[PDB]
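There are 2 protein chains.
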Amino acid sequence: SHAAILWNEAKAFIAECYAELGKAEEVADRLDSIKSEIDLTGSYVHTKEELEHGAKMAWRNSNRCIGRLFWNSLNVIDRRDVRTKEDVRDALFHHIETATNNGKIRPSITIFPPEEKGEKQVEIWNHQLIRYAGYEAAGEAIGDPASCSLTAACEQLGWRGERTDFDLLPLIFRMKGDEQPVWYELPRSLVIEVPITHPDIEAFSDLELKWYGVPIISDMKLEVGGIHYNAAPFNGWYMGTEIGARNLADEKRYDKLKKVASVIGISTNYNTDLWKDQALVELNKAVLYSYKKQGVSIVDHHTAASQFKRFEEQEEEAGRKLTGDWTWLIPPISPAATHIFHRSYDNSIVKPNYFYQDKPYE
Amino acid sequence: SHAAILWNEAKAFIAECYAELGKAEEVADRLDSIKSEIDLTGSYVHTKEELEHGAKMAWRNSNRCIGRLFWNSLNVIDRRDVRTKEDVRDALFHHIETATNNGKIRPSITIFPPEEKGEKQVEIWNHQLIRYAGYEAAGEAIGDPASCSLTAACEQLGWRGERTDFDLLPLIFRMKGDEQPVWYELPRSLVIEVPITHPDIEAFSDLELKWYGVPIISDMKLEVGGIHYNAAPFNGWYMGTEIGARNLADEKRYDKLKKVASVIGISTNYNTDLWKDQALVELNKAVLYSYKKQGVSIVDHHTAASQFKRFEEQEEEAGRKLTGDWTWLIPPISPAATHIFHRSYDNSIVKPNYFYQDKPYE
Ligand code: HEM
Ligand code: HEM
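These protein sequence lines are chains A and A', in that order. A prime marks a further copy of an entry chain. Per the authors' numbering, the first sequence starts with residue -2, numbered consecutively. Per the authors' numbering, the second sequence starts with residue -2, numbered consecutively.
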C-alpha cells in the first residue's frame, strides 16, 4: 500500500504542525481538502507554511545533531517550481550564495519537488554541494579519500580534475526522464575557502591546509507528512572538530597529524608523549582561529555542547520528549568535558526527519 | 526456581570450560558428579581449575574493558577457605600487596566463598580496596565526591578522616551472621601512591596532585557456571585517561582543569582557545610521566587501543564471537585517533561475567 501510508502520516503531521503554529481550528477543513486531493490526485501538496515548519521540525528531530538550538531559525527556500537542469543549477548556486552570506553563514534548506509515485523529479548525487575530490592511483593518494567513488562517477561523464588535494568537485544531478546525470563546475567566486594558520606558530602555514567554508549536505531525504523530498540540500555552520579532528586528522581522510606534530616541533616517537593528542589540540585551535580571522562563522565543541544543553532544557519546557544519539553527539575531542558525555539519550526516530537514501553511483 | 537455573548454567559452563582446557572427555563424569551434588547439597563446588579459568573467561567477556588482551594471564588467588573477619582482612591485604608487586602491577583476583542459598558469606562494601574519601560540609567540598556515600557510611561506624583531599578510606565488609560490617584501616606501607609532576613544566607540582597506584574493583559480582561469587575483588593496571581525564578532570570529581590551565600558563578566558583541551593533554602527559618515573605500570590510550585491536584479531582467530561496549571502550581523550571509535561492537552479555550488584549502604 501507499495511499494508506500517506493519509496516515498526513493526519498526524498536520495535527502536530498546526498545533505548534496556533491554528488548531484550521486542522478540520485542511484535512478534508487533503482527503479529496489524495483520492483525486493520489497525493497532496504542502503550503509554504506547512513545508517551512516541517523542515524546521525535521531539524529538531535530528538525533545526531548537536546544534538543534537554532531549529526555529531555519531559512527555508521553496523551489518546488523547478523544471529544467538550468533551474536546478541556478537554485544550488543561489543556495550556496545566500547560505554563505559573505561569511555570516545562514542555516538554510532548498526544497525541490518531492517524489510522485516513487519516481524522483530531481536527483542530487553530491554528498555536499561543496566538497573536494578524491583520487588513488595504483601509486599513492591525492585528495579526500571519502570522495573516491563520486569522483570516479564524475570522471565517467567527462569531468576531469587537476588532481590537487583540493579540487572542487562539480555539481552533479539527474532530472526525471534523463537516463544519466549532468554536471556543472562551481564558479570559484561562489565558494569561500579558508587557509589554515595558527595564532602562535608561524610554521603552521607550511602545511598548506585549507577547507571550504560551508557544509551543505545534499544526499539526504526529508520526510514531512508522508511526502518524500528526496532532494532538499541543507546547511548549518561548521563545528571546529568536524574539520580539525576528523576531515584533516582521520587516517582514512587527510591524515595530517604526523605533519602537524612536526611543524609544532614535537616528537612522534612515543605514544606516552601523547603527541597525537597534542597535535589535535593545536590543529583544532588553528582551525577555529583561521575561520574567525576570515570572518566565516564557526563554533567550538564547548560552546556547541553548551548550546545543545540549552536546547535540552527548552525541549522540556515546551513539553516535547527529547531524542539523541550519544555516539554522534559527543565531540571527537574532549567528550568528557561536555555534559553530553555524562548523560544518556533516547535514540528514537520521530518524523518529520532526514534519512539516509541509497547512493545512485556505486 | 533455583535448582533448575543452576544445573542449566553448570552444564553450559563445564562444557565450554573443558573444551578450552582440552578435557572434553572428562565432561561426562564431572557432570554426573555435579548432578549428585546439586541434588545432594543443593549446589556444587568448583575445582581450582574451573574457577581459575572461569575468572579468566569472565574477564574476556567484559564488554566495557579495553584491556582484555591479557585475559589469559590473570592471577587467580583462591581464598574460598576464609571463615573469620581477620581472614578476610589478611586476604585483602595480601591481594593489595601481591597485586601491587612493587610497581610491576599484576592482574589478579581473590576468589572468596560464593553465596549459598542467596545469602552472602562475605560482603565487601568498598568500590575499590584503595580509594580516597569524599566530604561535603554545608560549606565546600573536600576529597573525592564519588566517595561521598560510602564515607558517610564509614563515619557511622566509628571511622573518622583527617579531612584532606586524599584520605585513604578503610577496608569495610560484613561477615554472614553479623548485622553490621566492620572496618580496618589500611597500613600505609601497603599503599603505593604517585605524586603528579610534568616532564617540562616545573610549576606543575604546586597543584600537589597524587593518585593511588592500583585500582582494585571490589563491589562486582562474578558469575561462573551458575555460582555467584559476590565477593571477588580484581585488578589490572591503570590507563592514563582514567586518572588524568576523569578522576582529576571531571567537574563532579576533582575538577582540576582551571588550575592546570593556570600552572601551564594559559588563559581560561575563551572556549575558542581550547584551554580545557590543552589542559587535559598536559595533565594526561604528566600522569603517564609520573607513574613511569616511579616504576608503577600504566598504559596510554594509544597503546591500549592498539592492544585491544590485537585482542579482536585473536578472538576471531580462535573462533569466538566478540562483544564490546563502544561508549566505554573509546578513551575520553582523542577517541577518533584509536580504531575503536571507527568500528562497532555487539553489546551482548555472555556468562561467565562480572555484574553490578546493589550497594549495601545507600
Ligand atoms: C547551526 C549549525 C549546525 C551545527 C553547529 C550542526 C552541527 C552538526 C554536527 C556536529 C553534526 C555531526 C556530523 C558528523 O559527525 O558527521 C551534525 C549532524 C546532523 N545535522 Fe546538524 N548542525 C547544524 C545545522 C543543521 C541544519 C541546518 C540541519 C538541517 C535542517 C541539520 C541536520 C543534521 C542531520 C540530519 C545530521 C545527521 C548527519 C548525518 O548523519 O549525515 N543540522 N550537525
Ligand atoms: C590489564 C589491565 C587492564 C586495563 C588496562 C583495563 C582497563 C579498563 C578500562 C579503561 C576500563 C574502563 C573503566 C571506566 O571507564 O570506568 C575497564 C573496565 C572493566 N574492566 Fe578492565 N582493565 C584491565 C584489567 C581488568 C581485569 C584484571 C579485569 C577482571 C578480571 C577487568 C574487568 C573489567 C570490567 C568488568 C570492567 C567494567 C567496569 C565497570 O563497569 O565498573 N579488567 N577496564
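Don't be surprised by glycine CBs; every beta carbon is placed ideally from N, CA and C.
Asked	Found
Distance CB(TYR288 (chain A'))-CB(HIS195 (chain A')) smaller than 9 angstroms	no
Residues, ordered as in the chain, of the region 268 to 296 of chain A' that lie near chain A by beta-carbon distance below 8 angstroms	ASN268, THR269, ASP270, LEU271, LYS273, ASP274, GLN275, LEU277, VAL278, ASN281, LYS282, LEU285, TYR286 and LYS289
Cβ-Cβ distance between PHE201 (chain A) and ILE214 (chain A) below 9 angstroms	no
Span of the beta strand (DSSP E) around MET172 (chain A)	168 to 172
Under 9 angstroms between C-beta atoms of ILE121 (chain A) and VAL73 (chain A)	no
Cβ-heavy atom distance, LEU187 (chain A') to ligand 3, below 8 angstroms	The model on display carries ligand 1 and ligand 2 but not ligand 3.
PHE352 (chain A) classed as buried or exposed, judged by whether at least 16 other C-beta atoms fall within 10 angstroms	exposed
9 angstroms Cβ cutoff, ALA52 (chain A) in contact with chain A'	no
For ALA138 (chain A'), the three-state DSSP class (helix, strand or coil)	strand
Span separating the alpha-carbon of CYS14 (chain A) from that of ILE2 (chain A)	18 angstroms
Which of helix, strand or coil DSSP assigns to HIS43 (chain A')	coil
Bridge partners - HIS225 (chain A), DSSP secondary structure assignment	A:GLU220
Inter-stretch contact at 8 angstroms, needing at least 3 Cβ pairs: the region 209 to 224 of chain A / the region 124 to 140 of chain A	yes
CB contact check: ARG243 (chain A') to chain A, cutoff 9 angstroms	yes
Within 7 angstroms of chain A by C-beta, residues of the region 330 to 343 of chain A' in sequence order	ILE330, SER331, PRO332, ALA333 and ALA334
DSSP-derived helix/strand/coil call for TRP122 (chain A')	coil
Host alpha helix (DSSP H) of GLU113 (chain A') (start-end)	Per DSSP, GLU113 (chain A') belongs to no alpha helix (DSSP H) and is neither H nor E.
Closer than 8 angstroms: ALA52 (chain A) CB and nearest ligand 1 heavy atom	yes
Environment of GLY136 (chain A) [buried if 16+ CB atoms lie within 10 Å]	exposed
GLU49 (chain A') Cβ short of 8 angstroms to ligand 2 heavy atom set	no
DSSP state of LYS207 (chain A') mapped onto helix, strand, coil	strand
Residue range of the beta strand (DSSP E) that includes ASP75 (chain A)	72 to 75
Uninterrupted beta strand (DSSP E) stretches inside the region 266 to 352 of chain A' (no shorter than 3 residues)	350 to 352
Partners in chain A' for residue 362 (chain A), counting only beta-carbon separations shorter than 8 angstroms	Only positions -2 to 359 of chain A appear in the structure, and residue 362 (chain A) is not among them; the question remains open.
Extent of the continuous beta strand (DSSP E) run through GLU133 (chain A)	131 to 133
Cβ-based contacts, 7 angstroms cut-off: residues of the region 297 to 319 of chain A near chain A'	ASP297, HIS299 and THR300
According to DSSP, residues forming a beta bridge with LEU254 (chain A')	Paired residue(s): none; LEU254 (chain A') is not in a bridge.
Integer-rounded CB distance, given that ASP162 (chain A') should sit under 8 angstroms from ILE139 (chain A')	6 angstroms
heavy atom of ligand 1 below 8 angstroms from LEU277 (chain A) C-beta	no
Residues from the region 192 to 205 of chain A in contact with chain A', defined by Cβ distance under 8 angstroms	none
Three-state class that DSSP yields for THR95 (chain A') in the structure shown	helix
Simplified DSSP assignment, three categories, for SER259 (chain A')	helix
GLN354 (chain A) and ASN266 (chain A) closer than 9 angstroms at C-beta	no
Check: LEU71 (chain A') C-beta below 8 angstroms from any heavy atom of ligand 2	yes
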